[PDB]
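Examining the three-dimensional arrangement
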Amino acid sequence: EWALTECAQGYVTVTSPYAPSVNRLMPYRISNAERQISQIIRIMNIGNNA
Amino acid sequence: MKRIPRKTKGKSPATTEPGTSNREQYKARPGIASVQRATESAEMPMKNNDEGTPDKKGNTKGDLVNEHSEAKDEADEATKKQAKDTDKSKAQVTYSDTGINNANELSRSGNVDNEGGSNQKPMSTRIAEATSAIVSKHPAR
Amino acid sequence: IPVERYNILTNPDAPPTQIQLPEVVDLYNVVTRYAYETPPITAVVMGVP
Amino acid sequence: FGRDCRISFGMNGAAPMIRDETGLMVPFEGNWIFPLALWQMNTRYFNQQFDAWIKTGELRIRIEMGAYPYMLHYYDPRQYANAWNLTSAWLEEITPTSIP
Amino acid sequence: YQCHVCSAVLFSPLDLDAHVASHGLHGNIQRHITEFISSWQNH
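What counts and what doesn't
- Residues numbered from 1 in each chain as written, not as in the entry; some residues may be left out.
- Chains lettered and ligands numbered in written order.
- Part of a larger assembly, values for the part shown.
- Heavy atoms only, no water.
- Residues with missing side-chain atoms left out of burial classes, pairs and counts.
- Helix = DSSP H or I, 4+ residues; strand = E, 2+ residues; numbered from the N terminus.
- Buried < 20%, exposed > 50% of the residue type's maximum accessible area, 1.4 Å probe, protein only.
- Axes fitted to C-alpha atoms, helices over the stretch in contact; angles between N-to-C directions.
- Parallel < 35°, antiparallel > 145°, perpendicular 65-115°, else oblique.
- Left-handed = near helix turned anticlockwise from the far one by under 90°.
- Contact = heavy atoms within 4.5 Å.
- Nonpolar A, V, L, I, M, F, W, Y, C, P; charged D, E, K, R; others polar.
- Buried area = accessible area lost by both parts, 1.4 Å probe.
- Salt bridge = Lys/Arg side-chain N within 4 Å of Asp/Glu carboxyl O.
- Polar contact = N/O pair within 3.5 Å; in protein donor to acceptor, adjacent residues only side chain to side chain.
- Pairing = 2+ DSSP bridges.

- cryo-EM is the method the PDB entry states for this structure, with the resolution given as 3.30 Å.

- Going by the annotation in the PDB entry, the name recorded for chain E is Lambda 1, with Mammalian orthoreovirus 3 given as the source organism.

- Looking up chain C in the PDB entry gives the name Lambda 1, with the organism given as Mammalian orthoreovirus 3.

Now the structure itself:
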């Protein structure tokens, strides 16, 4: 909810209701460094190929 | 028990609620389908660029083209494809014949291996030739 | 039989979660089994007046 | 109520709640005040949520409009008469770009 | 059929159970990854 609301630059609001539970697995949190590594890979993939 | 296939070859009482009636009269502007089609194109991942890398056997895949010539050809193909996308004979946005003298541009090709040598003869052929020049043989005569 | 493999059965003093890595791999030990849920990402988009 | 329209669904019998302007959450009951655009941008959700309470519960809403056209419907005083159909039709046809 | 958890419109009771399962409620398609519903229109 927070991330989608912040992304939309305050034009829409996002709501996602849910019941209380703990065995709900939604693996998405990663660190910035991993994203930076991935971007380095993506840039190096180009290799002057228009 | 659920089976998931692989997408890649591997090693081998009244109920009618008083508010649920549908009277739709709103036409989204911009339209939903128009935006969806555009988002589909941008959704696609970047294409692979595999040339110049060793294969399963150990031979660098790709073409035997000079790297600068490869860059020129890729630029030309990009311009051609851009022209095709906008449905024109000649492209308005060009990746080639710009004002910039990009003469030192290099593009990865299958001409050179990882040792800096030329692939005029593939790796496996060279290893085979080198190892063959020293094999022994049973005594004779 | 290689008794040291079956430590948690043959050794009365070993705690149930004890292991002997990396010298010996036990062939009988405690395992934890789970059951999670992976709901789809659900969202409702409201409008800003 | 202002820009912060957001509703938390009730659970295990607890009544649903919506956020006031002052950061408090209230049940679907009492007297409320709405700007028109707030309903225009969440027509379908609001019809799905509040209409049952409006029709039979104890919920009353004042819609700020300023000016608006109107259309009358006369009826015989000696006969039973219910206006729910007209009001429901009016509410369902609210659009983020049009009203009847 | 109506799912008051998310205000979506449904048509089968088993679809209702599946949809409320997406909200974490116990059941009284798995091919889905993401489900979005607008509030100002039925789409």
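Some words on the environment of E:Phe36
- Here E:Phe36 lies in strand β3 (residues 34-38).
- For E:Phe36, a relative accessible area of 48% corresponds to the partly exposed category.

Examining the packing of helix α2 (residues 43-56) of chain D against helix α3 (residues 84-92) of chain D
All names here are of chain D.
- Between α2 and α3, the least distance of the axes is 10 Å, while the angle of their chain directions is 160°. By the angle between their axes, α2 is roughly antiparallel relative to α3. Here the hand of the crossing between α2 and α3 comes out right-handed. In this structure, α2 contributes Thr-43, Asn-47, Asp-51, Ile-54 and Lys-55 to the contact, and α3 contributes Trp-84, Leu-91 and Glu-92.
- Of the residues belonging to the contact of α2 with α3, the class tally is three nonpolar, two polar and three charged.

What to know about the interface of chain C and chain A
- Between chain C and chain A, the contact holds 12 residues from the first and 12 residues from the second.
- For the pair chain C and chain A, the summed buried surface comes to about 1100 Å²; carbon and sulfur atoms form 60% of the total.
- Among the residues chain C hides against chain A, the three largest losses belong to C:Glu37, C:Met46 and C:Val48. Together they make up 35% of the total.
- Counting the contacts that link chain C with chain A gives zero salt bridges.
- Viewed at the interface, chain A and chain C are joined by six residue pairs in polar contact.
- Looking at the side of chain C that touches chain A, its residues break down into nine nonpolar, two polar and one charged.
- In the sheet, strand β1 (residues 12-15) of chain A pairs with strand β1 (residues 41-47) of chain C via four bridges, with the strands oriented antiparallel. Counted as the bridge partner of A:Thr13 is C:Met46 from β1(C).

Some details on the pattern of salt bridges
- Inspection of the entire model under this criterion finds six salt bridges over all chains.
- Among the ionic pairs, D:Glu92 bridges to B:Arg23, the shortest N-O distance being 3.4 Å. You can see D:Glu92 sitting in helix α3 and its partner B:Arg23 sitting in the segment before α1 (32-43), one on each of two chains.
- D:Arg19 serves as the salt-bridge partner of D:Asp4, at 2.7 Å between the closest nitrogen and oxygen. With D:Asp4 in the segment before β1 (7-8) and D:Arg19 in strand β2 (residues 17-19), this residue pair connects regions lying 15 residues apart in the sequence.
- Here D:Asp4 falls in the partly exposed class, since its relative accessible area comes to 32%.
- Overall, the relative accessible area of 28% leaves D:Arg19 in the partly exposed class.
- Residues participating in the shared-partner salt-bridge network are D:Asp4, D:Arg6 and D:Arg19.

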